[PDB]
Amino acid sequence: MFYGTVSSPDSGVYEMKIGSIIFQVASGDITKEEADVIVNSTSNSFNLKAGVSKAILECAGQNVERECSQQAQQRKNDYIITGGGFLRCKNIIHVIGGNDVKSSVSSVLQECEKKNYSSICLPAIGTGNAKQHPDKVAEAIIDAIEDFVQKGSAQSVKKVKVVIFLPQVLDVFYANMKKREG
Ligand SMILES: Nc1ncnc2c1ncn2[C@@H]1O[C@H](COP(=O)(O)OP(=O)(O)OC[C@H]2O[C@H](O)[C@H](O)[C@@H]2O)[C@@H](O)[C@H]1O
């Protein structure tokens, strides 16, 4: 009921429509991306600096690092929202890599609608040190978007890009997209 056709606008990039949203997966370094929100995949303390969280915090800068620690105090947070620092985004949403990926992506999508944001970039949450299986992660990310669209919640959000660090993970996402295509 929602899926378009998988196509490729550049080598190593694949996209398909999911309702009104363009869902893209691409190879690369997320810190090179521009989007309204960039998603960080971190630990329960929000001060992880290994893997994608290291790339993100080192590029975002020390003010963002301070923001994370401060917010982590305030509450028993499931995710936190900070400024983008020196990343090319309006906000970073920091989710926990070990947490349910579908829930995490749903939260991200909701927060983006709240801010009338149109673009999101995220990594393959949980597929590194968290050791969540890439196919389960892919399934969860795409499921979250499909559910969002089904519920009629997608109004401002128009583009969701997963930036993926290795071929092995890219191929899994592509397979999961291809399985769903109309
Ligand atoms: N610059 C980058 N851009 C995009 N993706 C990247 C980059 N660098 C790495 N990746 C990919 O980012 C993906 C995620 O790898 P990880 O950064 O380990 O995060 P997690 O979510 O698995 O674990 C985070 C915490 O969650 C749990 O508590 C765990 O115990 C951790 O403490 C991999 O595919 C990387 O190749």
# chains A, B, ... in the order shown; residues from 1 in each chain; ligands from 1
>>> residues_near_ligand(ligand="ligand 1", cutoff="7 Å", atoms="only C-alpha atoms and all ligand atoms", output="ChimeraX atom specification")
/A:28-31,41-44,48,50-53,55-56,96-98,123-132,163-166,169
>>> select_by_dssp(residues="range 99-181 of chain A", states="helix (DSSP H, G or I)", output="PyMOL selection string")
chain A and resi 101-114+134-150+167-180
>>> residues_around(residues="residue 22 in chain A", least_positions_apart="6", cutoff="10 Å", atoms="only C-alpha atoms", output="MDAnalysis selection string")
chainID A and resid 3:4 15:16 119 157:161
>>> select_by_dssp(residues="chain A", states="strand (DSSP E)", output="JSON, numbers by chain")
{"A": [7, 8, 9, 10, 13, 14, 15, 16, 17, 18, 21, 22, 23, 24, 25, 26, 27, 37, 38, 39, 40, 41, 42, 79, 80, 81, 82, 83, 91, 92, 93, 94, 95, 96, 119, 120, 121, 122, 159, 160, 161, 162, 163, 164]}
>>> residues_around(residues="residue 68 in chain A", least_positions_apart="5", cutoff="8 Å", atoms="only C-alpha atoms", output="PyMOL selection string")
chain A and resi 46-47+80+82
>>> write_last_selection(atoms="N, CA, C and O atoms", output="mmCIF file, in the first residue's frame")
data_model
loop_
_atom_site.group_PDB
_atom_site.id
_atom_site.type_symbol
_atom_site.label_atom_id
_atom_site.label_comp_id
_atom_site.auth_asym_id
_atom_site.auth_seq_id
_atom_site.Cartn_x
_atom_site.Cartn_y
_atom_site.Cartn_z
ATOM 1 N N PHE A 46 24.675 8.769 27.067
ATOM 2 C CA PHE A 46 24.774 9.841 26.072
ATOM 3 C C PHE A 46 26.156 10.478 26.003
ATOM 4 O O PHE A 46 26.309 11.580 25.505
ATOM 5 N N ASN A 47 27.169 9.726 26.459
ATOM 6 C CA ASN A 47 28.549 10.236 26.356
ATOM 7 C C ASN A 47 29.489 9.246 25.688
ATOM 8 O O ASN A 47 30.698 9.401 25.727
ATOM 9 N N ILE A 80 17.782 12.086 23.641
ATOM 10 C CA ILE A 80 17.922 13.501 23.888
ATOM 11 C C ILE A 80 18.044 14.279 22.606
ATOM 12 O O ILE A 80 18.446 13.734 21.591
ATOM 13 N N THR A 82 19.765 17.768 21.061
ATOM 14 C CA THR A 82 20.707 18.849 21.224
ATOM 15 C C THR A 82 20.759 19.697 19.972
ATOM 16 O O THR A 82 20.171 19.367 18.927
#
>>> residues_around(residues="residue 167 in chain A", least_positions_apart="6", cutoff="10 Å", atoms="only C-alpha atoms", output="list in words")
residues 12, 26, 27, 28 and 173 of chain A
>>> closest_residue(among="A:116, A:5, A:40, A:104", to="residue 19 in chain A", atoms="only C-alpha atoms")
A:5
>>> residues_around(residues="residue 102 in chain A", least_positions_apart="2", cutoff="6 Å", atoms="only C-alpha atoms", output="list in words")
residues 100, 104, 105, 140, 141 and 144 of chain A
>>> write_last_selection(atoms="C-alpha atoms", output="compact mmCIF listing (two decimals), in the first residue's frame")
# COMPACT_ATOMS: atom_id res chain seq x y z
CA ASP A 100 14.36 -0.92 20.19
CA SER A 104 13.80 5.09 18.37
CA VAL A 105 13.00 5.92 14.73
CA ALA A 140 12.85 -1.85 12.15
CA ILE A 141 13.82 1.43 10.49
CA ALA A 144 8.88 2.69 11.69
>>> closest_residue(among="A:171, A:137, A:142, A:88", to="residue 23 in chain A", atoms="only C-alpha atoms")
A:142
>>> atom_distance(atom1="CA of residue 14 in chain A", atom2="CA of residue 35 in chain A")
17.4 Å
>>> residues_around(residues="range 61-65 of chain A", least_positions_apart="2", cutoff="10 Å", atoms="only C-alpha atoms", output="PyMOL selection string")
chain A and resi 46-49+56-59+67-70+81-87+92
>>> closest_residue(among="A:89, A:114, A:75, A:145", to="residue 101 in chain A", atoms="only C-alpha atoms")
A:145
>>> atom_distance(atom1="CA of residue 90 in chain A", atom2="CA of residue 32 in chain A")
14.3 Å
>>> atom_distance(atom1="CA of residue 60 in chain A", atom2="CA of residue 103 in chain A")
24.7 Å
>>> closest_residue(among="A:170, A:162, A:108, A:121", to="residue 135 in chain A", atoms="only C-alpha atoms")
A:170
